[PDB]
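# A structural walkthrough
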Amino acid sequence: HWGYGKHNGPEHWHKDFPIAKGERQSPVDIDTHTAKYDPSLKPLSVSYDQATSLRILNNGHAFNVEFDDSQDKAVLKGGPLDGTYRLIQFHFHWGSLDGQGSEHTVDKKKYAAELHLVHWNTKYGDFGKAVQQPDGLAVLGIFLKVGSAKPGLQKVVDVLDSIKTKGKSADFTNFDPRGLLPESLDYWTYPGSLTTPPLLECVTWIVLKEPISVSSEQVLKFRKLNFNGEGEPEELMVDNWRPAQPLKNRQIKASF
Ligand SMILES: [Hg+2]
Ligand SMILES: [Zn+2]
């Protein structure tokens, strides 16, 4: 099954998931000079005040922070979006060194990491129905770079010893995702996909222009995680990012 190594990596995924070479695949390079400021775009609404996290899981490709999504509690609205999208989970992709790690790129510049906050369109009733829909999902993408530590991230950095290997989860209630955002909500937006199999083309991507900075020591602990399951030989969880995919004449819009 799919991974990020030589043999099961991003190059291979088209074999089980043909949409891997589809028409609206993610991530992409964001060429700042080609993106159009779009005046028909509403303000963005991230209402993460009443977020109910439940747990952190190592699924063997990343770790997921999972939220209670059966009421309108942590929701994205506005910008390119029609209606309400509920936060289901968040996770990151990161590199082996600071010069790589992000999935999206800005003028071919790769960031040390990248955060995804994943949301589903309410009206479809559940996350499973939503993924079968062209407007089923909304993902907030936030770049990370190395500098000063992000204090809103340390809670996550500190539970990661508990979830070293695939399968493991800890309780992770009462986490506030508002502590992961940068100060500006300027974003680029385009129609796109999930970045891991099954690569469903169900995502409106909202990618923030302003990176968050984390510490060398923060990202070092991401790199101490394992892809493998307990009692298997050690495969460091690093470089779990898909590279930039062909834009195929979709237009990336800037909110700014
Ligand atoms: Hg879809
Ligand atoms: Zn992701």
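Residues numbered from 1 in each chain as written, not as in the entry; some residues may be left out. Chains lettered and ligands numbered in written order. Heavy atoms only, no water.

As a further point, take the overall build of the protein. For the protein, the count of helices and strands is three helices and 15 strands. For 256 residues, the compact-globule estimate of 2.2 N^0.38 gives 18 Å, and the C-alpha radius of gyration of the protein, at 17 Å, lies within 12% of that figure. By its C-alpha atoms, the protein is 50 × 40 × 40 Å across when sized along the principal axes. Among the 256 residues that make up the protein, the fraction classed as buried is 53%. Excluding contacts between residues fewer than 6 apart, the proportion of contacts in the protein whose partners are at least 24 apart in sequence is 71%. Surface summary for the protein: the accessible area is close to 11600 Å², and the carbon and sulfur share equals 49%. (Helix = DSSP H or I, 4+ residues; strand = E, 2+ residues; numbered from the N terminus. Rg over C-alpha atoms; globule rule 2.2 N^0.38 Å. Buried < 20%, exposed > 50% of the residue type's maximum accessible area, 1.4 Å probe, protein only. Contact = heavy atoms within 4.5 Å. Areas by Shrake-Rupley, 256 points an atom, 1.4 Å probe, with all protein chains shown as cover.)

Our next topic: the coordination of the zinc ion (ligand 2). The coordination sphere of the zinc ion (ligand 2), as far as protein atoms go, consists of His91 (NE2), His93 (NE2) and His116 (ND1), spread over 2.0 to 2.2 Å. Between consecutive donor residues of the zinc ion (ligand 2), the sequence gaps follow H-x1-H-x22-H. Separated by 23 residues along the polypeptide, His93 in strand 7 (residues 85–94) and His116 in strand 9 (residues 113–121) bring together distant segments of the chain. (Donors = N, O, S within 2.8 Å, 3.2 Å for Na, K, Ca; no water.)

Moving on, we get to the side chain of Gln89. Secondary-structure assignment places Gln89 in strand 7. Within the structure, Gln89 has its side chain in polar contact with the side chain of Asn64 (distance 3.0 Å). A distance of 2.9 Å separates a polar atom in the side chain of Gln89 from a polar atom in the side chain of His91. (Polar contact = N/O pair within 3.5 Å; in protein donor to acceptor, adjacent residues only side chain to side chain.)

The UniProt record annotates "binding site: Zn(2+)" at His91, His93 and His116. A compact arrangement is adopted by the annotated residues: their sequence extent is 26 residues, whereas the largest C-alpha distance between any two is 8.4 Å. By the element assignment, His91 lies in strand 7. The residues touching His91, leaving out its near neighbours within four places in the chain, are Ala62, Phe63, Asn64, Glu114, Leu115, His116 and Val118. Classification of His93 by relative accessible area gives buried; the value is 2%. Of note is the side chain of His93, whose polar atom sits 3.2 Å from the side chain of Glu103. (UniProt positions renumbered as here; feature names shortened; annotations may be inferred.)

What follows concerns the UniProt feature "active site" in the protein. Here the UniProt feature "active site" sits at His61. Here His61 falls in the partly exposed class, since its relative accessible area comes to 22%. If we ignore the near neighbours within four places in the chain, the residues touching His61 are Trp2, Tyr4, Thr196, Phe227, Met237 and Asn240.

Inspection of every chain in the model, using the stated rule, returns 15 aromatic pairs. On the basis of an interplanar angle of 85° and a centroid distance of 5.3 Å, the ring pair of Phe63 and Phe222 is categorised as edge-to-face. With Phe63 in strand 5 (residues 63–67) and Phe222 in helix 3 (residues 216–222), this residue pair connects regions lying 159 residues apart in the sequence. What makes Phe222 buried here is its relative accessible area of 1%. Pairwise contacts between aromatic rings join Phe63, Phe67, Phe90, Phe92, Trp94, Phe172, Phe175 and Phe222 into one cluster. The ring of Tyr111 is capped by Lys109, whose NZ or CZ atom sits 4.6 Å from the centre of that ring. Over the face of the ring belonging to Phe256 we find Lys209, whose NZ or CZ atom lies 4.9 Å from the ring centre. (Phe/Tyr/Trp six-rings, centres within 6.5 Å; stacked < 30°, edge-to-face > 60°. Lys NZ or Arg CZ within 6 Å of the ring centre and 35° of its normal.)

This part takes up the nonpolar core. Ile56, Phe63, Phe90, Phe92, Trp94, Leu140 and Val156 are the most contacted members of the largest nonpolar core, which totals 49 residues. Mapped onto this core, the elements with two or more residues apiece are strand 5, strand 7, strand 9, strand 10 (137–146), helix 2 (154–159), strand 13 (203–208), strand 14 (212–214) and helix 3. Sort the elements by how many residues they give to this core and strand 7 lands first, with five residues. Contacts of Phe92, omitting those with residues within four sequence positions, involve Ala62, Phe63, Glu114, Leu115, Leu144, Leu153, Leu180, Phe222 and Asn240. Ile30, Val106, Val131 and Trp188 belong to the second largest nonpolar core, which has 22 residues in total. (Core = buried A, V, L, I, M, F, W, Y, C linked by side-chain atoms within 4.5 Å.)

Right, let's get into the pattern of salt bridges. What the rule picks out here adds up to eleven salt bridges. Between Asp82 and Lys42 there is a salt bridge; the shortest N-O distance is 3.8 Å. Highlighted residues: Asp82 in the loop between strand 6 (75–78) and strand 7 and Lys42 in the loop between strand 2 (36–37) and strand 3 (44–47), separated in sequence by 40 residues. According to the relative accessible area criterion, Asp82 is exposed, its value standing at 58%. A relative accessible area of 45% means that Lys42 is categorised as partly exposed. (Salt bridge = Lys/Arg side-chain N within 4 Å of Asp/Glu carboxyl O.)

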